[PDB]
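These notes are about the structure you will find just below.
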Amino acid sequence: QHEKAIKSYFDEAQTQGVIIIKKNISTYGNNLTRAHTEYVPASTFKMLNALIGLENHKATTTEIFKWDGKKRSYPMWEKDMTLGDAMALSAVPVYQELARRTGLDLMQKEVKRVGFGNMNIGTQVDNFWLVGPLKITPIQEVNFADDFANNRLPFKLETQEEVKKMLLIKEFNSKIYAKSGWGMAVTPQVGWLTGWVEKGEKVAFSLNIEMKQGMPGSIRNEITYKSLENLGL
Ligand SMILES: [Cl-]
Ligand SMILES: [Cl-]
Ligand code: NA
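Each position in the sequence shown, counted from 1, maps to that position plus 216 in my numbering.
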């Protein structure tokens, strides 16, 4: 029942995708091989970038990242903003600045300690999550989300809770925390929505879809929500 319904949401969008639901993992959609394929994390990596940066005192949650006036890819990013603002706007240049502060050596050590994806950040500290070589499967993303939901990541409890505040996206009564991603600089483009529902049970999810040229960002939220509702939220 659920399997056919969720597959149809991806089919009707005329693209290929999967959604992972998590101690047991279930996979739904029209291309389940994607669950076992690694992709660039794109802006989903901001979750981990923020954790690493706050834990290591490279930024505070009240700090403003100033726009130095150079044009950015989106006018919505051409403003001064906090890490939380930049999380919501997926403001790449702010998190590139944070990554540079962390630096390649500390970033690589933390990524390996967390075990995030293939754990390979390469040699370029400020774009490895956008163009590779760092890649992650959707099942790996759901496991990261489930650990985050349970404060099981190797960071202080307070650091994890500070970053969660930046990711709380819906409250209704239960809570939904999530982070979108869109790898536009790879071909094909990859779309992500990774997070969890807090009902006291926690249910983690990761949607991974091929973003066809011109598709709206909202398709990620639309399929995710319809899928979770079909499954009973
Ligand atoms: Cl506050
Ligand atoms: Cl570059
Ligand atoms: Na990032």
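The C-beta atom is built at its ideal place from N, Cα and C for all residues, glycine as well.
Asked	Found
Compute the distance between the beta-carbons of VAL327 and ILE337, then report whether it is under 7 Å.	yes
Exposed or buried, what is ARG250 when buried is set at 16 or more other beta-carbons lying within 10 Å of its beta-carbon?	buried
In the stretch 269 to 303, which residue ranges form an unbroken alpha helix (DSSP H) of at least 4 residues, counting only runs that do not cross its ends?	none
Do you know whose CA, among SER242, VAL310, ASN389, lies nearest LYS274's CA?	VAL310
Roughly how many angstroms separate the alpha carbons of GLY397 and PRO257, rounded to a whole number?	7 Å
List the whole-angstrom C-beta distance separating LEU350 from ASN334, where the pair is believed to meet the contact cut-off of C-beta under 8 Å.	7 Å
Would you report the Cα separation of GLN376 and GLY300, rounded to the nearest angstrom?	13 Å
Measuring CA to CA, which of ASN424, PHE388, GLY407 is closest to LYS415?	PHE388
Considering only heavy atoms of ligand 3 and the C-beta of each residue, which residues fall inside 6 Å, strictly closer?	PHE261, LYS262, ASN265, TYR311, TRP345
Using the DSSP secondary-structure output, state which residues sit across from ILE435 in a beta bridge.	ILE435 pairs with nothing; no bridge assigned.
I'd like to check one pair, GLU426 with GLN232: are the Cβ atoms closer than 7 Å?	yes
Please list the terminal residues of the continuous beta strand (DSSP E) segment that includes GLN405.	405 to 414
From which residue to which residue does the beta strand (DSSP E) around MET427 run?	418 to 427
Less than 8 Å between the CB atoms is what I'm expecting for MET297 and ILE280, so what's the real figure, rounded?	7 Å
Just mark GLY448 as buried or exposed, buried being the case when its beta carbon has 16 or more other beta carbons within 10 Å.	exposed
Between the stretch 229 to 245 and the stretch 282 to 294, are three or more C-beta pairs nearer than 8 Å?	no
Which whole-angstrom value describes the C-beta separation of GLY411 and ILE392, a residue pair presumed to lie in contact below a C-beta threshold of 8 Å?	6 Å
Using a strict less-than 7 Å threshold between each residue's beta carbon and the heavy atoms of ligand 2, what residues do you get?	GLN340, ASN343
Would DSSP call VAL234 helix, strand or coil?	strand
So, for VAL341: in the same chain, excluding its five sequence neighbours on each side, which residues have a beta-carbon less than 8 Å away from its beta-carbon?	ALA315, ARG316, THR318, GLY319, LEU320, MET323
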